[PDB]
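Visitor: You'll find structure_37.csv just under this line, and it carries CSV, C-alpha atoms.
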```csv
chain,number,residue,atom,x,y,z
C,1,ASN,CA,25.4,-17.5,41.0
C,2,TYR,CA,29.0,-18.5,40.6
C,3,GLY,CA,30.0,-17.4,37.1
C,4,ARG,CA,27.4,-14.7,36.3
C,5,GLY,CA,25.4,-11.8,37.6
C,6,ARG,CA,21.7,-11.4,37.4
C,7,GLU,CA,19.7,-14.0,35.5
C,8,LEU,CA,17.5,-11.5,33.7
C,9,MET,CA,20.3,-9.5,32.2
C,10,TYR,CA,22.3,-12.6,31.4
C,11,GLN,CA,19.5,-14.5,29.5
C,12,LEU,CA,18.5,-11.2,27.8
C,13,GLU,CA,21.9,-10.9,26.1
C,14,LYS,CA,21.7,-14.6,25.0
C,15,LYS,CA,18.5,-13.8,23.3
C,16,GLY,CA,20.0,-10.7,21.7
C,17,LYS,CA,22.5,-12.9,19.9
C,18,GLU,CA,20.2,-15.7,19.1
C,19,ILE,CA,17.8,-13.3,17.3
C,20,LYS,CA,20.6,-12.2,15.0
C,21,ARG,CA,21.6,-15.8,14.2
C,22,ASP,CA,18.0,-16.7,13.5
C,23,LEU,CA,17.7,-13.7,11.1
C,24,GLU,CA,20.8,-14.9,9.2
C,25,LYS,CA,19.4,-18.4,9.0
C,26,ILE,CA,16.1,-17.0,7.7
C,27,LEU,CA,17.3,-14.8,4.9
C,28,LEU,CA,19.6,-17.6,3.7
C,29,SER,CA,16.7,-20.2,3.5
C,30,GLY,CA,14.2,-21.4,1.0
C,31,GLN,CA,10.9,-20.4,2.7
C,32,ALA,CA,8.2,-19.0,0.6
C,33,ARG,CA,6.4,-15.7,1.0
C,34,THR,CA,3.0,-15.7,2.8
C,35,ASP,CA,0.5,-12.8,2.7
C,36,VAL,CA,-3.1,-11.8,2.0
C,37,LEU,CA,-2.5,-9.7,-1.1
C,38,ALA,CA,-6.1,-10.7,-2.0
C,39,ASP,CA,-6.6,-9.3,-5.5
C,40,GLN,CA,-4.3,-6.3,-5.4
C,41,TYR,CA,-4.0,-3.6,-8.1
C,42,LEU,CA,-5.3,-4.3,-11.5
C,43,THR,CA,-8.8,-4.3,-10.0
C,44,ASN,CA,-7.6,-4.0,-6.4
C,45,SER,CA,-11.3,-3.8,-5.3
C,46,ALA,CA,-10.2,-2.1,-2.0
C,47,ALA,CA,-7.8,-5.0,-1.3
C,48,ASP,CA,-10.7,-7.3,-0.5
C,49,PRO,CA,-11.8,-5.7,2.8
C,50,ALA,CA,-13.8,-8.8,3.5
N,1,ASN,CA,-20.9,32.8,-47.0
N,2,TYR,CA,-23.0,35.4,-45.2
N,3,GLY,CA,-21.7,36.0,-41.7
N,4,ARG,CA,-20.0,32.7,-41.5
N,5,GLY,CA,-16.2,32.5,-42.0
N,6,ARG,CA,-14.3,29.7,-43.6
N,7,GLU,CA,-16.8,27.1,-42.3
N,8,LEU,CA,-14.0,25.2,-40.4
N,9,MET,CA,-13.2,27.7,-37.7
N,10,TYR,CA,-17.0,28.4,-37.6
N,11,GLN,CA,-18.1,24.8,-36.8
N,12,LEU,CA,-15.2,24.4,-34.4
N,13,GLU,CA,-16.4,27.1,-32.0
N,14,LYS,CA,-19.9,25.7,-32.2
N,15,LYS,CA,-18.6,22.4,-30.9
N,16,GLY,CA,-16.0,23.9,-28.7
N,17,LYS,CA,-18.9,25.5,-26.7
N,18,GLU,CA,-21.2,22.5,-26.8
N,19,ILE,CA,-18.5,20.5,-25.0
N,20,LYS,CA,-19.0,22.8,-22.0
N,21,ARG,CA,-22.8,22.6,-22.3
N,22,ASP,CA,-22.4,18.8,-22.1
N,23,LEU,CA,-20.1,18.8,-19.1
N,24,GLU,CA,-22.5,20.9,-17.0
N,25,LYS,CA,-25.1,18.2,-17.8
N,26,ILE,CA,-22.9,15.2,-17.3
N,27,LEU,CA,-21.9,16.4,-13.8
N,28,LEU,CA,-25.6,16.7,-12.9
N,29,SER,CA,-27.2,14.0,-15.1
N,30,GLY,CA,-27.1,11.5,-12.2
N,31,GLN,CA,-25.4,8.9,-14.3
N,32,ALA,CA,-23.6,5.8,-12.8
N,33,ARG,CA,-19.9,5.2,-12.6
N,34,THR,CA,-18.6,2.6,-15.1
N,35,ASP,CA,-15.2,1.1,-15.5
N,36,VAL,CA,-13.4,-2.2,-16.0
N,37,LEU,CA,-11.0,-1.9,-13.0
N,38,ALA,CA,-13.1,-4.1,-10.7
N,39,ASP,CA,-12.3,-2.5,-7.4
N,40,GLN,CA,-8.6,-2.7,-8.2
N,41,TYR,CA,-7.7,0.8,-7.1
N,42,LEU,CA,-5.6,0.2,-4.0
N,43,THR,CA,-3.2,-2.0,-5.8
N,44,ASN,CA,-0.9,0.2,-8.0
N,45,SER,CA,-0.1,-3.0,-9.9
N,46,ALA,CA,-2.6,-3.4,-12.8
N,47,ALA,CA,-6.2,-2.8,-13.5
N,48,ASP,CA,-6.6,-6.5,-14.1
N,49,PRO,CA,-4.3,-9.1,-15.8
N,50,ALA,CA,-7.4,-10.3,-17.7
```
Take the structure in this file and express it as structure tokens.
Guide:
Amino acid sequence: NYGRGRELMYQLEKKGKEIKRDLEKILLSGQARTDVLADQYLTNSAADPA
Amino acid sequence: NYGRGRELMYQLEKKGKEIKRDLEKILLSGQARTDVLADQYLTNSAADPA
């Protein structure tokens, strides 16, 4: 290529930066937590192994 | 009284020994576990909010 080296190493670095920008956007968002707590302590009942 | 002491330390030891005679029987009486936790052990949050 004309203005770069290998395409694997180039695109890899781009993803290394994009993942940090995505993390910043995620922490500073309003998304709600999602999990399968499923009747935890106070009668955990083995965390509902079902 | 005859043989007996002050009648308070006397009865205490009588019951202090019976507590062991009961433990030996409880651990072999084949009873069933009973508690109001409702399988809420692996939670470390609360037995049950209710």
Visitor: Taking all C-alpha atoms matched one to one in order, superimpose chain N on chain C and note the resulting RMSD in Å.
Guide: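 C-alpha RMSD, chain N fitted to chain C: 2.5 Å.
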Visitor: Provide as an mmCIF file with C-alpha atoms, in the frame of the given file the residues of chain C at most 7 Å from chain N, counting all atoms listed in the file.
Guide:
```cif
data_model
loop_
_atom_site.group_PDB
_atom_site.id
_atom_site.type_symbol
_atom_site.label_atom_id
_atom_site.label_comp_id
_atom_site.auth_asym_id
_atom_site.auth_seq_id
_atom_site.Cartn_x
_atom_site.Cartn_y
_atom_site.Cartn_z
ATOM 1 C CA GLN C 40 -4.300 -6.300 -5.400
ATOM 2 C CA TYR C 41 -4.000 -3.600 -8.100
ATOM 3 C CA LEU C 42 -5.300 -4.300 -11.500
ATOM 4 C CA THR C 43 -8.800 -4.300 -10.000
ATOM 5 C CA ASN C 44 -7.600 -4.000 -6.400
ATOM 6 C CA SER C 45 -11.300 -3.800 -5.300
ATOM 7 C CA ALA C 46 -10.200 -2.100 -2.000
ATOM 8 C CA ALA C 47 -7.800 -5.000 -1.300
#
```
Visitor: Using CA of residue 9 in chain C and CA of residue 25 in chain C as the two end points, give the distance in Å to one decimal.
Guide: 24.9 Å
Visitor: Quick one: distance from CA of residue 14 in chain C to CA of residue 1 in chain C in Å, one decimal?
Guide: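 So the two atoms, CA of residue 14 in chain C and CA of residue 1 in chain C, lie 16.7 Å apart.
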Visitor: Find the distance between CA of residue 2 in chain C and CA of residue 18 in chain C and write it in Å to one decimal.
Guide: 23.4 Å
Visitor: Complete the atoms of range 4-17 of chain C to N, CA and C atoms and put them out as a CSV table (one decimal), in the frame of the given file.
Guide:
```csv
chain,number,residue,atom,x,y,z
C,4,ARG,N,28.3,-15.7,37.0
C,4,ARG,CA,27.4,-14.7,36.3
C,4,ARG,C,26.8,-13.8,37.3
C,5,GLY,N,26.2,-12.8,36.8
C,5,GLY,CA,25.4,-11.8,37.6
C,5,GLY,C,24.0,-12.1,37.7
C,6,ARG,N,23.1,-11.2,37.4
C,6,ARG,CA,21.7,-11.4,37.4
C,6,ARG,C,21.3,-12.3,36.3
C,7,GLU,N,20.2,-13.1,36.5
C,7,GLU,CA,19.7,-14.0,35.5
C,7,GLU,C,18.9,-13.3,34.4
C,8,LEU,N,18.3,-12.2,34.7
C,8,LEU,CA,17.5,-11.5,33.7
C,8,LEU,C,18.4,-10.9,32.7
C,9,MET,N,19.4,-10.1,33.1
C,9,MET,CA,20.3,-9.5,32.2
C,9,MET,C,21.1,-10.5,31.4
C,10,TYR,N,21.5,-11.6,32.1
C,10,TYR,CA,22.3,-12.6,31.4
C,10,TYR,C,21.5,-13.3,30.2
C,11,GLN,N,20.3,-13.8,30.6
C,11,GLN,CA,19.5,-14.5,29.5
C,11,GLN,C,19.1,-13.5,28.5
C,12,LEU,N,18.9,-12.2,28.8
C,12,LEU,CA,18.5,-11.2,27.8
C,12,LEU,C,19.6,-11.1,26.7
C,13,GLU,N,20.8,-11.0,27.1
C,13,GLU,CA,21.9,-10.9,26.1
C,13,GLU,C,21.9,-12.2,25.3
C,14,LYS,N,21.8,-13.3,25.8
C,14,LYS,CA,21.7,-14.6,25.0
C,14,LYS,C,20.7,-14.5,23.9
C,15,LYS,N,19.5,-13.9,24.3
C,15,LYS,CA,18.5,-13.8,23.3
C,15,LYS,C,18.8,-12.7,22.2
C,16,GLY,N,19.6,-11.7,22.6
C,16,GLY,CA,20.0,-10.7,21.7
C,16,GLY,C,20.9,-11.2,20.6
C,17,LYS,N,21.7,-12.2,20.9
C,17,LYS,CA,22.5,-12.9,19.9
C,17,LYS,C,21.8,-13.9,19.1
```
